[PDB]
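>>> need a structure here:
(one chain, ligands or ions: 2)
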Amino acid sequence: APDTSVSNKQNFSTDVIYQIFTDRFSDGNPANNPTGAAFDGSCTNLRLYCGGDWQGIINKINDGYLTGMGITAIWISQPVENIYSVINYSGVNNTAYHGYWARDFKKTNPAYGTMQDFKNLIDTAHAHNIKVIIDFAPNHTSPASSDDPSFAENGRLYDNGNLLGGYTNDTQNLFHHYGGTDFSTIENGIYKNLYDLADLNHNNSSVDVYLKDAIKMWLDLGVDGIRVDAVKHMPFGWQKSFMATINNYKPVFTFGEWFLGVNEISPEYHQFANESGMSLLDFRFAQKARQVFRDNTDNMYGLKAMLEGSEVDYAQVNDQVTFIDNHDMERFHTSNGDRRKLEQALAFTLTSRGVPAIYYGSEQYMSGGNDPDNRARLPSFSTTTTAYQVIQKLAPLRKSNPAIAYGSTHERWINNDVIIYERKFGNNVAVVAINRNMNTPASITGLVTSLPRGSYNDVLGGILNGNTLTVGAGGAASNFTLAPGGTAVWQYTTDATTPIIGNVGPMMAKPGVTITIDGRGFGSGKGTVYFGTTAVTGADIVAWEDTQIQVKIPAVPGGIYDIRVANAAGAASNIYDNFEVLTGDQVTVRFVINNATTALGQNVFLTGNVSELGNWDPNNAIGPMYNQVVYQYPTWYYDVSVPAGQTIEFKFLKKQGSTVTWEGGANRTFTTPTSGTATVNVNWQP
Ligand SMILES: [Ca+2]
Ligand SMILES: [Ca+2]
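Numbers count the residues shown, from 1 in each chain. Ligands and ions are numbered 1, 2, ... in the order given. Shown next is the structure:
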């Protein structure tokens, strides 16, 4: 099927996502509304249920509100049954309207709809070429106090109606009991509770298996993507085995939320997007876009540097989900803010690299501060706002112009208030000019583009004061004045003759799994796919057409490979690197080592004989290990994803700067479980 098909669950760069808080969008079924203290039909107490549900989203797909705007994916609240309690937090009553306070991951939240209503949403969305992404929040259940078992539902977890356990008297240790996090360290935010939420214990085999069985159920119901909540607050090692479960079963686009503030760049955040098997909400993009287009705390050179630097820091930048606001930020549009600021930021996001997400009601110019004020009911379903028309015009270009879906980004002209960038993929081009100064026109002289000669009409039709671009010989444009607040988009598409890979999904899986390679110029006839120097041809290529190849991963050693395609004529593509072939199915094992004393700056790491443990290379060793919450120094511990059902060999080592101290003695061996978790508890061997 083509790369733009709704059946492409692996890659979303050709899509535009509309993020919906289900409760705040449309009440299509009043009979499923909560009653009593849990409900507020006027939606003026923003912490109660207002009534929005899955029938309301079905109605807005059917009547053309969502499809008229060019939306091709919706991202909805977690679908799972939540606690029914109205919790009073110092006078204010609070309900689970947001879907984050789960009690049974195998059932539906009835305020949103039945399981038949969820299937009707999936089938209605897919009949209209809309993909469905769901939130999934496996870090916790709901508010709980083990001291007071009567508070809320005591964090209880059920498995399809059957109670597994509560937070008080947790004799099976389904939950963590280390107190609440102060967010001082990543280790501290993982194993301690976020606020009062009962933290799930993923080292318990019952919890591990239950959450993996629950996500497969939702994949079986046909969801096309998953947004994982609180990825900074769960063990990396457990999240990599969770991703391997999804990818080796039914791979779908998965991304997580790791918040970053203004000007914060975190190595760990980049490491997680590059190695977990999931991508991330692009906070680095969002925060700089708000600084340049909203708050005016940086200028176009800051925008340029973010686009140039993130193309490099993210190993797969086309998989990062971009946005200008969402449920964890104040709405971009302010009361005294020019609406043109919101319209340009949306045009910038829709034509930029990655997977664009628009927070519901942006097209209706909703303003509001932080939670819960950024989650009001949307006030109007008017299809004639300028912002609705901007999305309507630009969102289709992700499906039709591969330079917007996959292309590189090149700044062609800039000054403090103007940027003109080009997106390029093969011979497909898009050029975008934006002037954020609302008072001053900009004289553009010397603009050179990759556009063929012609008179290109603004795709926005002049609604944000854009103009025609006349391109002469050698891509040189005739000089023009860019209007105050002007934004224009010019483009040119054609066929690729050379294979060019724009995106691959999933990026981590074991041998035998089918991966999806998207791009242009592959040809109709079946060619060759290279994983390193290994050629995959013939029947192992499940499908080949010009924009998409589906191929089985060859039985190669675990490790990281470059992918390259050669069409039937032997013309080869660009390399798409960093593909991780796993040794096999994964399980998370907790490694615990006692009596490992260290100097300042020296930490303990683990390596071993499989790719998942870095294949004996100290530079790729797992760590640094933790030593504060579950176990305390000089005992160190870490949860590591490791191949299931086999004997691995390993050693611990201490590293400080460039010095590696290996423990002495013979290599350690351990036979891993086939499912569930395991703990290895050993003593440092001098
Ligand atoms: Ca309802
Ligand atoms: Ca946690």
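>>> how's the chain carved up into domains?
Following curated CATH domains, one finds the domains of the chain at 1-400, 401-495, 496-582, 583-685.
>>> how deep is residue 250 tucked in, by neighbour count?
Per other Cβ atoms under 10 Å, the neighbour tally for residue 250 reads 15. Bear in mind the C-beta positions are built from the backbone N, C-alpha and C, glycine included.
>>> before we move on, what about residue 380?
Look at residue 380: counted by other Cβ under 10 Å, it has 11 neighbours.
>>> ok, which stretches of the stretch 1-150 of the chain are helices?
Remark: helices assigned in the stretch 1-150 of the chain by DSSP state H, counting those that start in this stretch are 54-62, 115-127.
>>> do the same with the chain
Assigned by DSSP state H, the helices in the chain fall at 54-62, 115-127, 186-191, 205-220, 236-249, 267-275, 283-290, 300-313, 339-350, 386-394, 397-400, 402-406.
>>> Of all the helices of the stretch 1-150 of the chain, which one is nearest ligand 1?
helix 54-62 (7.1 Å; Cβ to the ion).
>>> Need the contact partners of the closest one.
Here helix 54-62 makes contact (Cβ atoms under 8 Å, 6 or more residues apart in numbering) with 20, 22, 25-29, 66-67, 74, 76, 112-113, 117-118, 120-121, 124-125, 128, 130, 381.
>>> Likewise for stretch 18-25?
Identification of contacts with stretch 18-25 by Cβ under 8 Å, 6+ apart yields 43, 49-54, 56-57, 60, 66, 69, 71, 73-77, 97-99, 111-112, 323, 326-327, 357-360, 375-378.
>>> so how far is it from its chain's centroid?
Here stretch 18-25 is found 18 Å from its chain centre; the criterion is Cα atoms, centre = their mean, to the nearest Å.
>>> That one close to ligand 1?
No. Stretch 18-25 stays clear of ligand 1 (Cβ under 5 Å from the ion), getting no nearer than 8.5 Å.
>>> end to end, how far does that stretch reach?
Start to finish, the residues bounding stretch 18-25 are 11 Å apart (Cα to Cα, to the nearest Å).
>>> and what of stretch 414-431?
Using Cα to Cα, the end-to-end distance of stretch 414-431 comes out at 13 Å.
>>> Give me the buried positions along that stretch.
Residues of stretch 414-431 classed as buried by neighbour count (16 or more other Cβ atoms under 10 Å): 417-431.
>>> got a list of what the residue of the stretch 551-686 of the chain found nearest ligand 2 touches?
Residue of the stretch 551-686 of the chain nearest ligand 2, by Cβ to the ion: residue 629 (10.5 Å). By Cβ under 8 Å, 6+ apart, the residues touching residue 629 are 178, 187-188, 190-192.
>>> just to revisit the earlier point, any chance of TSV for the helices of the chain, columns mean neighbour count and distance to ligand 2?
Below are the helices of the chain laid out as TSV (neighbours: other Cβ atoms under 10 Å; distance: least, Cβ to the ion, whole Å):
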stretch	mean neighbour count	distance to ligand 2
helix 54-62	21	29
helix 115-127	17	27
helix 186-191	19	5
helix 205-220	17	11
helix 236-249	24	9
helix 267-275	16	15
helix 283-290	24	20
helix 300-313	16	26
helix 339-350	23	31
helix 386-394	20	36
helix 397-400	20	35
helix 402-406	28	35
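>>> Residue 594 is nearest to which of those?
Across the helices of the chain, residue 594 has its closest neighbour in helix 186-191 (17.5 Å, Cβ to Cβ).
>>> Correct me if wrong: residue 287 contacts residue 260.
Yes. Here residue 287 reaches residue 260: they are 6.4 Å apart, a contact under Cβ atoms under 8 Å.
>>> which ones are touching residue 516?
With contact set as Cβ under 8 Å, 6+ apart, residue 516 has these partners: 8, 10-11, 251, 504-505, 548-550.
>>> wait, residue 316
Neighbour list for residue 316: 273-274, 279, 503-504, 507, 578 [criterion: Cβ under 8 Å, 6+ apart].
>>> what do you get for residue 67?
With contacts defined as Cβ under 8 Å, 6+ apart, residue 67 is in contact with 61, 128, 130.
>>> Grab the most central residue of this protein for me.
Taking Cα atoms, centre = their mean, the centroid of the chain lies closest to residue 255, which sits 2.2 Å from it.
>>> show me the contacts for the closest residue to it other than its chain neighbours.
Of all residues not flanking residue 255 in the chain, residue 279 sits nearest, at 4.5 Å (Cβ to Cβ, 6 or more residues apart in numbering). If a contact means Cβ under 8 Å, 6+ apart, then residue 279 has 253-256, 273, 316, 319-321 as its contacts.
>>> Look up how far residue 564 lies from residue 279.
Per Cβ to Cβ, to the nearest Å, residue 279 is found 22 Å from residue 564.
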